[PDB]
Amino acid sequence: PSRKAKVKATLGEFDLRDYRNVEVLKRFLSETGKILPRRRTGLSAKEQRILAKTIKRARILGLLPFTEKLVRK
Amino acid sequence: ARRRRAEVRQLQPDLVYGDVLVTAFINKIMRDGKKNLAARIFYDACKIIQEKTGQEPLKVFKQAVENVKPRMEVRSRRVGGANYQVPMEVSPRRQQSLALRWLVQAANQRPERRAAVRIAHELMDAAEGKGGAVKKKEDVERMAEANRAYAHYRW
Amino acid sequence: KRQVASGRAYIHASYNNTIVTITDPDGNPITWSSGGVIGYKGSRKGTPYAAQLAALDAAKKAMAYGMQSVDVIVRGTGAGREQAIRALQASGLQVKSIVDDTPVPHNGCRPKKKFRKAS
Amino acid sequence: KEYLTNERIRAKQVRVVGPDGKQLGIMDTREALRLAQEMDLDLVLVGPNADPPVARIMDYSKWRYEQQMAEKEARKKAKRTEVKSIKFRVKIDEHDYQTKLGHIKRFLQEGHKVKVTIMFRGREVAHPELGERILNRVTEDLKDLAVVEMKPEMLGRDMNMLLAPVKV
RNA sequence: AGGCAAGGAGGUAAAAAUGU
RNA sequence: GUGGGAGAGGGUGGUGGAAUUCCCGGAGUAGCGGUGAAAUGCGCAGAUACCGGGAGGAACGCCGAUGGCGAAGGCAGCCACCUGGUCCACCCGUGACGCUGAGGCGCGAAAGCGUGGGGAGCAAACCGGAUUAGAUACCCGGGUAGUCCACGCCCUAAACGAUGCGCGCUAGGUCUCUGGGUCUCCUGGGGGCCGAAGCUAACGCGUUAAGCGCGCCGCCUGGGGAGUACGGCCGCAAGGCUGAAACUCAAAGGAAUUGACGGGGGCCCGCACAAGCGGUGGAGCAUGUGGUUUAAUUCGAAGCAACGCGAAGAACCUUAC
Ligand SMILES: [Mg+2]
Ligand SMILES: [Mg+2]
Ligand SMILES: [Mg+2]
Ligand SMILES: [Mg+2]
Ligand SMILES: [Mg+2]
Ligand SMILES: [Mg+2]
Ligand SMILES: [Mg+2]
Ligand SMILES: [Mg+2]
Ligand SMILES: [Mg+2]
Ligand SMILES: [Mg+2]
Ligand SMILES: [Mg+2]
Ligand SMILES: [Mg+2]
Ligand SMILES: [Mg+2]
Ligand SMILES: [Mg+2]
Ligand SMILES: [Mg+2]
Ligand SMILES: [Mg+2]
Ligand SMILES: [Mg+2]
Ligand SMILES: [Mg+2]
Ligand SMILES: [Mg+2]
Ligand SMILES: [Mg+2]
Ligand SMILES: [Mg+2]
Ligand SMILES: [Mg+2]
Ligand SMILES: [Mg+2]
Ligand SMILES: [Mg+2]
Ligand SMILES: [Mg+2]
Ligand SMILES: [Mg+2]
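Residues numbered from 1 in each chain as written, not as in the entry; some residues may be left out. Chains lettered and ligands numbered in written order. Part of a larger assembly, values for the part shown. Heavy atoms only, no water. Residues with missing side-chain atoms left out of burial classes, pairs and counts.

cryo-EM is the method the PDB entry lists for this structure, together with a resolution of 5.35 Å.

Peer 1: Describe a positive patch on the surface, naming the residues involved and giving the relevant values.
Peer 2: All names here are of chain A. A contiguous patch of positive charge on the surface is contributed by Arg 17, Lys 46, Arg 49, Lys 53, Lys 56 and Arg 57. Relative to the helices and strands, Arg 49 resides in helix 3 (residues 45–61). You can call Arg 49 exposed: its relative accessible area is 60%. (Patch = residues over 30% accessible without salt bridge, like charges linked within 9 Å, V, L, I, M, F, W, Y side chains within 5 Å. Areas by Shrake-Rupley, 256 points an atom, 1.4 Å probe, with all protein chains shown as cover. Salt bridge = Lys/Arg side-chain N within 4 Å of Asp/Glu carboxyl O. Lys, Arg positive; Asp, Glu negative; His and termini not counted. Charge placed at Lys NZ, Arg CZ, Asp CG, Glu CD. Helix = DSSP H or I, 4+ residues; strand = E, 2+ residues; numbered from the N terminus. Buried < 20%, exposed > 50% of the residue type's maximum accessible area, 1.4 Å probe, protein only.)

Peer 1: Go over the protein's contact with RNA strand F with me, naming the residues and quoting the values.
Peer 2: With respect to spatial proximity, 72 residues lie near RNA strand F, and among them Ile 35 of chain A, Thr 21, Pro 29 and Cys 109 of chain C together with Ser 85 of chain D are the closest. Near the protein, within 4 Å, the atoms of RNA strand F are sugar or phosphate in 69% of cases. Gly 42 of chain C has a polar backbone atom sitting 2.7 Å from a base oxygen of RNA strand F. Here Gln 68 of chain D contributes a side-chain N or O atom positioned 3.3 Å from a phosphate oxygen of RNA strand F. Taken together, the elements giving at least two residues each to the surface near RNA strand F come down to helix 3 of chain A, helix 4 (92–108) of chain B, strand 1 (6–13), strand 2 (18–23) and strand 3 (29–33) of chain C together with helix 2 (60–74), strand 5 (83–88) and helix 3 (94–110) of chain D. Per element, the largest residue contribution to the surface near RNA strand F is ten residues, and it comes from helix 3 of chain A. (Near = heavy atom within 4 Å. Polar contact = N/O pair within 3.5 Å; in protein donor to acceptor, adjacent residues only side chain to side chain.)

Peer 1: Can you lay out the interface of chain C and chain A for me, pointing to particular residues and giving the numbers?
Peer 2: The interface is formed by ten residues belonging to chain C together with eight residues belonging to chain A. Summed over the three residues of chain C that lose the most area to chain A, namely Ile 98, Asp 100 and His 106 of chain C, the buried surface amounts to 46% of that side. Counting across the interface, chain C meets chain A through one salt bridge. The salt bridge partner of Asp 100 of chain C is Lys 73 of chain A, with a shortest N-O separation of 3.8 Å. (Contact = heavy atoms within 4.5 Å. Buried area = accessible area lost by both parts, 1.4 Å probe.)

Peer 1: Mind laying out the nonpolar core, listing which residues take part and the relevant values?
Peer 2: For soluble globular proteins, nonpolar side chains are generally found buried alongside one another. Residues and elements named next belong to chain B. If you look at the biggest cluster of nonpolar residues, it comprises 36 residues, and the most contacted ones within it are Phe 25, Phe 42, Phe 61, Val 68, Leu 103 and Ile 119. Those elements that place two or more of their residues in this core are helix 1 (20–29), helix 2 (35–52), helix 3 (59–68), helix 4, helix 5 (115–128) and helix 6 (133–146). If one sorts the elements of this core by residue count, helix 2 sits on top with nine residues. Not counting residues within four places of it along the chain, the set of residues in contact with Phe 61 comprises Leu 21, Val 22, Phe 25, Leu 100 and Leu 123. (Core = buried A, V, L, I, M, F, W, Y, C linked by side-chain atoms within 4.5 Å.)

Peer 1: Can you explain the arrangement of the chains? Please cite residues and give values.
Peer 2: Take the three pairs of chains in contact: the one carrying the most contacts is chains A and C. Taking C-alpha atoms as the reference, chain A and chain D come no closer than 37 Å and do not contact one another.

Peer 1: Explain the sheet that holds strand 4 (residues 69–75) of chain C to me, and be specific about the residues and the numbers.
Peer 2: All names here are of chain C. Spatially, five strands are ordered 3-2-1-4-5 in an open sheet, and the strand pairing comes out mixed. At either end of the open sheet lies a strand with only one pairing partner, and these are strand 3 and strand 5 (95–100). When strand polarity is set aside, the average angle formed by the axes of neighbouring strands in this sheet is 15°. Sheet topology note: the strand 1/strand 4 ladder contains seven bridges and is parallel. What sits directly across from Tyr 10, in strand 4, is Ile 73. (Pairing = 2+ DSSP bridges. Axes fitted to C-alpha atoms, helices over the stretch in contact; angles between N-to-C directions.)

Peer 1: Can you break down the pattern of salt bridges residue by residue, with the values?
Peer 2: This structure, assessed with the given rule, holds 16 salt bridges over all chains. For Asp 57 of chain C, the salt bridge goes to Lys 60 of chain C, with nearest N and O atoms at 3.0 Å. In this pair, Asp 57 of chain C and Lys 60 of chain C are both assigned in helix 1 (residues 48–63), three residues apart and thus about one turn of the helix distant. Overlapping salt bridges, with partners in common, bring together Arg 110, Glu 112, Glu 122 and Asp 125 of chain B in one network.

Peer 1: Break down the environment of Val 79 of chain B for me, with residues and values.
Peer 2: Residues and elements named next belong to chain B. Its place among the elements puts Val 79 in the loop between strand 1 (72–78) and strand 2 (83–89). For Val 79, a relative accessible area of 29% gives the class partly exposed. When the C-alpha positions of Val 79 and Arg 94 are compared, they lie 25 Å apart, and in sequence the two are 15 residues distant.

Peer 1: So what about helix 3 of chain A? Which residues, and what values?
Peer 2: Residues and elements named next belong to chain A. In this model, helix 3 (17 residues) spans 24 Å end to end at C-alpha, consistent with the 24 Å of a helix rising 1.5 Å per residue. Where helix 3 is concerned, the buried positions are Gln 48, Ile 50, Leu 51, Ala 52, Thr 54, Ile 55, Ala 58 and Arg 59. Close packing links the buried residues of helix 3 with helix 2 (38–41). Just past helix 3, the residue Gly 62 takes up positive phi, approximately 125°. (Expected span 1.5 Å × (residues − 1).)

Peer 1: So what about a nonpolar patch on the surface? Which residues, and what values?
Peer 2: Together, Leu 15, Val 16 and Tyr 17 of chain B make up a nonpolar patch on the protein surface, roughly 360 Å² of accessible area in all. When you line up the elements, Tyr 17 of chain B lands in the segment before helix 1.

Peer 1: Describe the layout of surface pockets, and please don't skip the residues or the numbers.
Peer 2: As a volume, the largest pocket reaches approximately 1,900 Å³. Forming the boundary of the largest pocket are 40 residues, of which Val 37 and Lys 61 of chain C together with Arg 8, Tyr 60 and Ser 61 of chain D lie nearest the centre. Of the residues forming the lining of the largest pocket, the biggest block, seven residues, is contributed by helix 2 of chain D. Taken together, the residues of the lining of the largest pocket break down into twelve nonpolar, ten polar and 18 charged. (1 Å grid on protein atoms, 1.4 Å probe; cavity = no way out; pocket = protein on both sides within 12 Å on 5 of 7 lines; lining within 4 Å. Points joined across faces, edges and corners; volume = space filled by probe spheres on them. Nonpolar A, V, L, I, M, F, W, Y, C, P; charged D, E, K, R; others polar.)

Peer 1: For the environment of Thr 32 of chain A, give the residues involved together with the corresponding values.
Peer 2: All names here are of chain A. Relative to the helices and strands, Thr 32 is located in the loop between helix 1 (7–10) and helix 2. The class of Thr 32 is buried, set by a relative accessible area of 15%. Spatially, the C-alpha atom of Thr 32 lies 8.7 Å from that of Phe 66, the residues being 34 residues apart in sequence. Apart from the residues within four sequence positions on either side, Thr 32 is in contact with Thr 67, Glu 68, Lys 69 and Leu 70.

What follows is the structure in structure tokens.
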């Protein structure tokens, strides 16, 4: 049912739209270059959507990973 | 079977020595239900062992048992269409029983004349690390290595 | 007769056959092992045991070229990809990391009608 | 079928045959191996049966491939044309009969041998007169495309015939 | 360590006309 | 109007990787691929798998929803531009300007066709293989159109919430998205689920009504015949829209409910199988039957649940032949 910690509750004050702020945005990406669900971030829906959009933008730029590789497994 | 776990019968321990394993072995040896004939046979075998290989005739038996014991066994299962020889682990009691059975078979699958003597010989062989029962055990083990294939079909 | 001691271990895993390639750190392969290589043909070709066998064979081949320092990458999934991995771990080859890199399209073309019905 | 290559050979003196058929003699196995290494090829034990084992400096894999190809050819000139069956009935009407006939014709054209069998059911007592008649009619219809390999044979609750193509 | 679930897997599910 | 906001709304111009195929380059070898099994199929001219680069065309994984949008069909990478709808707060302006909508004009998935392009995958048709009683099919190997784009044309659909649009009224809750607020609770607009009344053939519905009403429009008057014929119109064609009747039958239906059934599932059990010991079959005989032979082999019993059965006593008797 998802509840270990949340990526909104572990992270403090940050603007969502700024894709350049990459390491703060590196926390909402998975271990593989994949987006974590609403039940992992902790956001409201709108916020989540915005975040997703920002991530996409970043990807288009290149900063954040596009798809990566899981370790151990 | 379906409901309960169908308990193992706890045998009355031996009249001369004092071990249930021995009793079980005696029972296994016994055909037609003649315990006194085959118990006598077992005793004769023991005596023979004592005579030839200068040892107590319980320890030797134990050794033999240990030798013939399987840990990896092979079952039959139909999955998809074809039958696959499935390797799986044995519970101790069952393994012991199997070993006993094998020993009995070996005793009956020998070339010499009298019942006790044959049994004794087989026991000695088992103790050594050869014989018939031991060979069978080895074969079984091998089968649970050429077919460790279909181990993921866990029962 | 070339020799390397190091490299990667690309396990392409399909349900019909799990194929294992071993490569040098550059990405130029030394050997590979498959299912028809362990004799097996048809159904068993993709049975976990076959995969394991293939893995073992590949390891052996690598050893015939001095290889130990082994990075492992799996692609797709077959019956035993995990089994193959296990086999490799067992073999005696320095397993650095086992990494998943499935050739999953970012919503690619139309799949074949078998891999359709998924919606 | 399969042999022993280079390192798998433990027998000491081998007879060394070359890539096309170069007879180098009864030589050392090590020597043979060395020769193979030199030509970018493999010494393969082609006869473990003859005078100090008969061994060939060939591309082993290549040879295997060739053999496989040959085998494939053997099983692709063994003809796909088999026996196609068609189960008729007693009270067979016209259009369906014609369809059946057409099917049979198609099969014949393709190259096949045809199990022509009438399934009986209820009475199977007035059977030969009607069933046999039907069979005869069928045969008549296919006199130029088909030849009667075997005549009516009642086994179970049915009777079978077989028909072969007229000219191969 | 157990309790429920979401996902990813990977196996099972694949073979059937005859009467009084 | 002002002040905001949500949005895969649409269109135009781009671009970003994953993937796939294809080409060159490598390194590398005996098979890959396929399946309930297999077979074609490719591979020594070196394929598969692996890395390097390129060539392209598609389509947007994760986010992703039970979500958001639109009037509907539909719509998803991200950007930019042009632009629709809409939602709210101020209650500021106008002062009934509204609501519907026969016809009309538009839009209208997918396929389809015409014209030019492009074309990677997929893939009707089509050619193979199996599969089978057959295989024109499910399953695999290719493989054309087509899918994609531009311009036109087509106009259907389970174009479904199978619910026309509009407003008002009539308990709540609960989850969701989105807006304002004196923001652990209110108040607006959407999307879901549970329900008061009432309603409904029941199922259900239930502030997003199928409830109460009123407004208007669209159909409907048993089924099949038949969305066919006919004409008419549209269209390059395919067809579409519009739409009968003769006859025919006494039904066609829906809901639910038993029961039965299902190559639906779950939960169970039984010497059911497994685990084990011993047999039968094979040998001989003992018996009972089927068959056949006979003057008659008396009759019955029939898979289980007939076959050391009725017969727990056939030389005669019994005994019926
Ligand atoms: Mg405004
Ligand atoms: Mg190449
Ligand atoms: Mg005012
Ligand atoms: Mg005024
Ligand atoms: Mg209007
Ligand atoms: Mg109109
Ligand atoms: Mg294809
Ligand atoms: Mg065919
Ligand atoms: Mg065909
Ligand atoms: Mg096809
Ligand atoms: Mg076109
Ligand atoms: Mg259209
Ligand atoms: Mg619907
Ligand atoms: Mg719809
Ligand atoms: Mg309708
Ligand atoms: Mg809406
Ligand atoms: Mg609401
Ligand atoms: Mg009520
Ligand atoms: Mg309700
Ligand atoms: Mg409500
Ligand atoms: Mg109603
Ligand atoms: Mg129509
Ligand atoms: Mg007309
Ligand atoms: Mg009904
Ligand atoms: Mg019912
Ligand atoms: Mg049985």
